[PDB]
């Protein structure tokens, strides 16, 4: 048995997994951080690797952009591959006026403009929570490394190119720290299946102040975040 979008053999994927978004970031992580690495998937070029880190097996799996894409992969990892701990390491755009580029956000929960949870719970606002043990580990370890760590809510957006920004500014005004595109799907599915999830994101740019950052510029932060995510897993 393999899932429809992942060609991995049963057992090839570790119980712990990083979800760095771009498949080429998964490759970067595997080559740079992991020993004895296997590439267990190339379907749709969505690279997935298993290797060893401090004597433990651990996986890194590219997902695409957005709730529907990540929901497909997460569903498959949990359901078909028995994956227990899932840490998204990614970027976000700040939407709160004093959040700064290079800040690292640990998502306690996620707001959304997605209908995904509306269908599951008609008439309810479902607010999916992070796994607290993962979150507290990440917080502690990020603080030890001198990362500009914030713990709070984010917005999981369906639309990267949004014509009206009024309501995301408003979410800004109620303390929502940043916007990204996957976290609600990851946290909601982890909760559904009784497994552990966390999103750890770096602010790559500010949506209102215009402040922006280069990927070279985010490299030192990103590398500390991958090590944090790995240790936590």
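Numbering follows the first chain given and starts at 1.
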| item | value |
| --- | --- |
| Stretch exceeding the other in mean C-alpha B-factor - 164-172, 47-55 | 164-172 |
| Segment of higher mean CA temperature factor, 12-20 or 210-218 | 210-218 |
| Which of 112, 71, 131, 96 ranks first by CA B-factor in the deposited coordinates | 96 |
| Lowest, middle or highest third - CA B-factor, residue 189 | lowest |
| CA B-factor placement of residue 32, once the chain's modelled residues are sorted into thirds | highest |
| Third assignment of residue 80 from its chain's C-alpha B-factors | middle |
| Within-chain third of residue 143 by Cα B-factor, per the entry | middle |
| Third of the chain's Cα B-factor distribution that residue 151 belongs to, per the entry | middle |
